[PDB]
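Asker: One structure coming up, written as structure tokens, with questions to follow.
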Amino acid sequence: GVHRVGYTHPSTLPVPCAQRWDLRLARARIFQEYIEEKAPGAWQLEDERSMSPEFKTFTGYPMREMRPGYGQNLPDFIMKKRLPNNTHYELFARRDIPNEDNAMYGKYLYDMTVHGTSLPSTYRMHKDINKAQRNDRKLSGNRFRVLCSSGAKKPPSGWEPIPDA
Amino acid sequence: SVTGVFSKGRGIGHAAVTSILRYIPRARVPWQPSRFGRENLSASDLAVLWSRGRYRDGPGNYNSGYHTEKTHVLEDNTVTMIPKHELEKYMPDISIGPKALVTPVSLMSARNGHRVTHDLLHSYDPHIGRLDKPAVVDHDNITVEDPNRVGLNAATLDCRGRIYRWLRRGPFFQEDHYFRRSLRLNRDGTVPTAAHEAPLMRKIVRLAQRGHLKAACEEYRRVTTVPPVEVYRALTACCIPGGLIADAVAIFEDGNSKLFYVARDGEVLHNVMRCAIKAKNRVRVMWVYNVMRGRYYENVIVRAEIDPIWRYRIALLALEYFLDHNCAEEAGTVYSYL
Amino acid sequence: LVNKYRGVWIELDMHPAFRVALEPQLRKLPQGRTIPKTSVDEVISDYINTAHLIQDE
Amino acid sequence: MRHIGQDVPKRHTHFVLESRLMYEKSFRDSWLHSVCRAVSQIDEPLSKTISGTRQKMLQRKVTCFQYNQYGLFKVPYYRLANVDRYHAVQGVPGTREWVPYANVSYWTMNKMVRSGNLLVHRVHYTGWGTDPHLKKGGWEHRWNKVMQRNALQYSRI
Amino acid sequence: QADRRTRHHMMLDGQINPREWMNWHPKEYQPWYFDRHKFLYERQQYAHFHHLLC
Amino acid sequence: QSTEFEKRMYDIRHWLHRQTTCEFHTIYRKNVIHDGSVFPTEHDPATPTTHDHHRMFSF
Amino acid sequence: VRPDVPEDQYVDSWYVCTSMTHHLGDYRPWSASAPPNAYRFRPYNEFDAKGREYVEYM
Amino acid sequence: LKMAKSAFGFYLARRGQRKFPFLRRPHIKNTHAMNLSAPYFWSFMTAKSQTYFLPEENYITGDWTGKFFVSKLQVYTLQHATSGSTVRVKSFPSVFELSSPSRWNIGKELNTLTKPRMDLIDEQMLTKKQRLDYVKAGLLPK
Amino acid sequence: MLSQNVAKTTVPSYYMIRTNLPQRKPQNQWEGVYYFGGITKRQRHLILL
Amino acid sequence: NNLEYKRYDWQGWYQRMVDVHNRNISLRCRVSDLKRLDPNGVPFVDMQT
RNA sequence: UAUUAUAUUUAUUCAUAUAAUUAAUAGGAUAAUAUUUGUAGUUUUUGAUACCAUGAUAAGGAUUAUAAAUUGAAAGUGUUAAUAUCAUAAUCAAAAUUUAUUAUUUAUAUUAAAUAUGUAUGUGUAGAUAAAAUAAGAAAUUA
């Protein structure tokens, strides 16, 4: 029924006793519990599928809030929300790069340590071997695309390239 | 003959060096010896390579906001840039300024090590945003144009090696390298005591001297640079009456070996010894006499030794505690050093 | 090394009678990891005034 | 760039680093954004220390700050790209083409099981599986059991 | 512009082309240091005598 | 609790087998002191901490 | 299709639609997985899988 | 897909009439925006709690040189009618300027105002096949 | 110059693109991680002095 | 960890992720072992307490 | 011939992609000392691209069976390992239906959380079409 939440002091009764809302206040003080005051009394729903063992999925803990007006938009949600700092999103981030060796070290450093030189990719050395051979049997199909052209359009003081045949 | 994207570049070392350097060759990369990276770009071309290379928060994009071009052709339809002055009539400008991207140093751990909020991640180590000069993270002019090219760009030339370095970054990366890239002992042999920490250090020493321990500790929670030794003197001094051996030992250890051994001073050790007395701790008296004895590393390398008169005062306090506490064996040990 | 002194360590080898007797003097001179901003004249003037009465070479 | 000296076969495989640094910026702005949303939205008085007029001016200032937080990552985590590291295939999370635990798509992951690149155990195609949870209550049940252990079991202090 | 000393070449003039990176054993790519200042018998050309050195 | 045995236990973290790892759960008895000055068991105050002192961000 | 022998001796192979034994073909018969003369190779010849647990609950 | 409307049609398959999880879509094709929902006007395709702060195509967060067009995510307000300025939405094909301002627009986003799927279709983009197809479904006569 | 710096990579070939062989050594499991505990010649001379 | 995240660039931050995931510290106490006497001579916690 | 049954049931209104620069290593406290605090030689090449650029794993029932047994196959369906020589097209929110290869909620109560489909009342209603003998319950015309 529409009942006014009343709470009489431990002084009015002709026997004092610690009253339960004051105990609620002491507990929301000790463990920093937000007391949501718009909490209506008619909505003490429990998740039967999770709280009631007459379903295949009895969990015992209310695995969710039976509350349709829910979303991350709410501050009461944002309060009790685990943040993605140090979560699987980070682990995936810091180990899921297309090449895995580039997550254990730097490729040039590993190369200059175990070999001497810093080696290309398998794909690059494919391109370079094909260059080595398709410019062995034939020529005049290439192009000259560079990052910087100033040194090609402008060779050094010497370096007069050879005309082939 | 050649279709090339970059016309011209720039040398990293200058001719007061190169003209003597060139006479030995460089053992270059076998498969592509000439390496026209990002450092060699011009200023303007690299401003292009820095403007672009982000999704909507690199100004290279026509509708990114900090974009330079006024015209953009959308499939043979021209759109022109509505400037800020036309725009503010319906998008009222709120621009706090360059201080609104730099979080306080007390929110680094909450923001996962960072202080900036830029699109471009700001590593605090040198070797990551290093363009030609090592990238210094100046938190006072962090723009969206980003002139200093210190940002950990997303889609720039030579970005892959640095993105890999960023993902292989350490556990404590921003904090450790940000600490050490600043705040180092000056060749005068002195500890880095600064200007902006002096008033906060006054707050701490006054509160702790008054005995407001947790108040001084909440303020110490704001010690960004190093405190002078007296701040630890007071923050340990406050503990004496209540016998807070635990809080006191932790106040000692925070400068001891963590902050260039500021806390290794005879009077701070004396305060912490007093706390060991009032907490009745035979093992903490000996721990404090142990830090007093020191070892070679502190006593010589970091040169945080204690004046012999203070050594003696602390030793007499140890003996006065112990032979008053009947701890004959350990008192005899300290007198052995005497 | 992060914490090395980065400078020549002028060891103060005074006796525990004079390190107390000359205290206001050396309090304005460079002690361990401490260099007060005092003036070289002040320190040299004290050294010329006082040090004669000091009976220890 | 401009296809000169490409070291990888998939030019789109730069998007995986792009995404992982998207994730980094999300972790970096996450706490700030969540506290900003909380304080800007809070209607019932914050505390006995900040209330009312101060609440309105403070709320609006922190909203101004959440707006001035340039570089902020407020795109929801279900809305970021989700691509396979290996062959740059994208997979829509929530549907069969997304292996969750290996962060791969139906395609590359199918390749990696029909060749020996992952260690999985083939189980029957029509049934439910070996996990008694996944047999018991479908998929929301294993969701419940996972959250129950990662969060709900701690009697949080 | 481009020449038989720039273009990628497996074979150059009847024998192998040394200039192209891709015609070499990787053991030549290893890091090594100069010997010519050491004693003549301690150099890389007297490799088979390094075990006998006094 | 024998820290020496625990030392002998921790370095199974290395001689463990192939593709096999170890999480160590330790549940060890401790002593936490309750103490008078600092954590007082005093009476309730005069002014009562109502629900306002525990609202959102009041924590 | 594989020896009649306590199934915990087999392991389901990976990648191979077969089943191999963790000890490489070395076998121990059903009667090694039971007490001596165990009735139906029961753990204790008293009751079956649900008889044991419930005698125990009572 | 089949006819690459974008460069991502070059990159993404179709998967037939693939059934999707409720509200999980890699392409947010808000094909329902201009939906008059009479008693639900400040609710349908709008922000949820009436007392919300504005979205963020509504404040110049930094020192911009300017922009070419606003999003539909910036609400329509008094400054969008009275200031009579240029507010552009990237709609098909290039942009759509809200140059005939009115007051009923005030309060909502411009999504309820920028038509996503047009009733007029240009056969100038359709194929020799798509045109017969739109005749088939009843869009263009023939 | 040094002997043990022998080729651990092969002649850059097509057996990299055509075969499943591993272009990098498989990580060991019973190997520690390489740390530095060690005093130099000068450093030992210092302690002995 | 001792398989793969034992040793390289990722060893550090994986050790971080691990020990943070495990950072929980459960404290169990026996209320019967709160049923003791305060050295004041008062039982530390009685039935009402 | 025997070692053994389909003529029944439930079905059909079907749609979603976007705003160019992928070329490298660089260790920081409780460690007996590197400012290496802040490690500066530009510009000789070109394929996985908007473009030819080999390979390699699906969907599809019609006669190896009854007991301690499963009613899902190799013929390869977009992304993958050697052919080069037109052009940067790649998700960080808000998005443009022509795409055969799709099971929609049906008249007591109808918009509260990242926003979430305003159209098609009509005799269950042309033509041709879908599925299934498996915890449901089916029974008789072999090549």
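Going by the structure tokens order, chains are called A, B, ..., each with residues numbered from 1, while ligands are numbered from 1 in the order shown.
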Distance limit 10 Å, atoms considered: only C-alpha atoms (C1' of nucleotides). Which chain K residues sit that close to chain B? Return them as a PyMOL selection string.
Answerer: chain K and resi 19-26+28-33+37-46+92
Asker: Would you give me, as a PDB file with C-alpha atoms, in the first residue's frame, the residues of chain E that come within 8 Å of chain I, using only C-alpha atoms?
Answerer:
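Below you can see part20.pdb, which holds the result:
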```
ATOM      1  CA  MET E  22      70.389 -10.676 -53.740  1.00  0.00           C
ATOM      2  CA  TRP E  24      75.239 -13.201 -51.846  1.00  0.00           C
ATOM      3  CA  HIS E  25      75.511 -15.702 -49.034  1.00  0.00           C
ATOM      4  CA  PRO E  26      74.116 -14.277 -45.763  1.00  0.00           C
ATOM      5  CA  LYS E  27      77.397 -15.157 -44.061  1.00  0.00           C
ATOM      6  CA  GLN E  30      77.508 -10.857 -40.871  1.00  0.00           C
ATOM      7  CA  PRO E  31      79.132  -8.139 -38.774  1.00  0.00           C
ATOM      8  CA  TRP E  32      82.900  -8.235 -38.921  1.00  0.00           C
ATOM      9  CA  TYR E  33      85.759  -5.919 -38.064  1.00  0.00           C
ATOM     10  CA  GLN E  44      91.119 -12.649 -41.659  1.00  0.00           C
ATOM     11  CA  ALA E  47      91.868 -17.631 -40.931  1.00  0.00           C
TER      12      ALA E  47
END
```
Asker: From a DSSP pass on the backbone, collect the residues of chain H flagged as strand (DSSP E) and hand them back as a ChimeraX atom specification.
Answerer: /H:88-89,96-97
Asker: How would the residues just chosen look if you wrote them out with C-alpha atoms as an mmCIF file, in the first residue's frame?
Answerer:
```cif
data_model
loop_
_atom_site.group_PDB
_atom_site.id
_atom_site.type_symbol
_atom_site.label_atom_id
_atom_site.label_comp_id
_atom_site.auth_asym_id
_atom_site.auth_seq_id
_atom_site.Cartn_x
_atom_site.Cartn_y
_atom_site.Cartn_z
ATOM 1 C CA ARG H 88 25.293 21.827 -44.480
ATOM 2 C CA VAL H 89 24.655 18.092 -44.092
ATOM 3 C CA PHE H 96 22.411 19.640 -48.429
ATOM 4 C CA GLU H 97 22.122 23.219 -47.155
#
```
Asker: Need the shell around residue 137 of chain H: protein/DNA/RNA residues with any atom at most 12 Å away, counting only C-alpha atoms (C1' of nucleotides). Skip same-chain ones fewer than 6 positions apart. Format as a PDB file with N, CA and C atoms (P, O5', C5', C4', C3', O3' and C1' of nucleotides), in the first residue's frame?
Answerer:
```pdb
ATOM      1  N   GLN H 130      19.273  -1.469 -63.495  1.00  0.00           N
ATOM      2  CA  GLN H 130      18.599  -0.929 -62.321  1.00  0.00           C
ATOM      3  C   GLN H 130      17.342  -0.167 -62.697  1.00  0.00           C
ATOM      4  N   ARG H 131      17.321   0.472 -63.867  1.00  0.00           N
ATOM      5  CA  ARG H 131      16.142   1.249 -64.235  1.00  0.00           C
ATOM      6  C   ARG H 131      14.939   0.344 -64.453  1.00  0.00           C
TER       7      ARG H 131
ATOM      8  P     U K  97      19.104   4.466 -49.765  1.00  0.00           P
ATOM      9  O5'   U K  97      19.801   3.053 -50.008  1.00  0.00           O
ATOM     10  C5'   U K  97      20.178   2.641 -51.316  1.00  0.00           C
ATOM     11  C4'   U K  97      20.153   1.143 -51.440  1.00  0.00           C
ATOM     12  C3'   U K  97      19.819   0.602 -52.825  1.00  0.00           C
ATOM     13  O3'   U K  97      20.952   0.488 -53.674  1.00  0.00           O
ATOM     14  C1'   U K  97      18.398  -0.398 -51.229  1.00  0.00           C
ATOM     15  P     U K  98      20.769   0.447 -55.274  1.00  0.00           P
ATOM     16  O5'   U K  98      20.165  -0.994 -55.575  1.00  0.00           O
ATOM     17  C5'   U K  98      20.997  -2.140 -55.510  1.00  0.00           C
ATOM     18  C4'   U K  98      20.543  -3.235 -56.441  1.00  0.00           C
ATOM     19  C3'   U K  98      20.584  -2.904 -57.925  1.00  0.00           C
ATOM     20  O3'   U K  98      21.156  -3.983 -58.641  1.00  0.00           O
ATOM     21  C1'   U K  98      18.397  -3.626 -57.302  1.00  0.00           C
TER      22        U K  98
END
```
Asker: Find the residues of chain J in contact range of chain B, meaning any atom within 9 Å when counting only C-alpha atoms, and list them as a list in words.
Answerer: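 Per the criterion, chain J yields residues 8, 9, 10, 11, 12, 13, 14, 15, 16 and 17 of chain J.
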Asker: May I have the selected residues written with C-alpha atoms, as an mmCIF file, in the first residue's frame?
Answerer:
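Result file follows (part_3.cif):
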```cif
data_model
loop_
_atom_site.group_PDB
_atom_site.id
_atom_site.type_symbol
_atom_site.label_atom_id
_atom_site.label_comp_id
_atom_site.auth_asym_id
_atom_site.auth_seq_id
_atom_site.Cartn_x
_atom_site.Cartn_y
_atom_site.Cartn_z
ATOM 1 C CA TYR J 8 60.426 -10.136 -24.839
ATOM 2 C CA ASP J 9 58.902 -6.654 -25.308
ATOM 3 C CA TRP J 10 55.519 -8.054 -24.323
ATOM 4 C CA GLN J 11 56.838 -9.708 -21.170
ATOM 5 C CA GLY J 12 56.622 -6.457 -19.262
ATOM 6 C CA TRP J 13 53.125 -5.366 -20.063
ATOM 7 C CA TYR J 14 51.831 -8.896 -19.906
ATOM 8 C CA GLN J 15 53.185 -9.190 -16.390
ATOM 9 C CA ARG J 16 51.302 -5.984 -15.712
ATOM 10 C CA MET J 17 48.062 -7.343 -17.163
#
```
Asker: Find the residues near residue 28 of chain G: any atom within 12 Å, counting only C-alpha atoms (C1' of nucleotides), skip ones fewer than 2 places away on the same chain, and give them as a list in words.
Answerer: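 Skipping anything fewer than 2 positions along the chain leaves residues 3, 4, 5, 6, 7, 8, 9, 10, 21, 22, 23, 24, 25, 26, 30, 31, 32, 33 and 34 of chain G.
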Asker: Near chain D, meaning an atom within 8 Å, which residues of chain H appear when counting only C-alpha atoms? Write them as a PyMOL selection string.
Answerer: chain H and resi 20-21+24-26+52-53+56+59+61-62
Asker: Rounded to one decimal place, report the atom CA of residue 118 of chain H-atom CA of residue 37 of chain H distance in Å.
Answerer: 19.0 Å
Asker: Taking only C-alpha atoms (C1' of nucleotides) into account, find every residue of chain C that has an atom no more than 10 Å from chain K, and write it out as a count of residues only.
Answerer: 6
Asker: Let's see if you can do this: from backbone DSSP, list all helix (DSSP H, G or I) residues in chain E, as a ChimeraX atom specification.
Answerer: /E:40-42,44-52
Asker: Measuring atom to atom with only C-alpha atoms (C1' of nucleotides), identify which of E:4, E:48, E:43, E:38 is nearest to chain K.
Answerer: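 Going through E:4, E:48, E:43, E:38 one by one, the smallest distance to chain K is for E:4.
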Asker: Select, from A:19, A:11, A:73, A:57, the residue with the minimum atom-to-atom distance to chain H, counting only C-alpha atoms.
Answerer: A:73
Asker: In Å, rounded to a single decimal, give me how far atom CA of residue 12 of chain C is from atom CA of residue 47 of chain C.
Answerer: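 Result for atom CA of residue 47 of chain C versus atom CA of residue 12 of chain C: 15.5 Å, one decimal.
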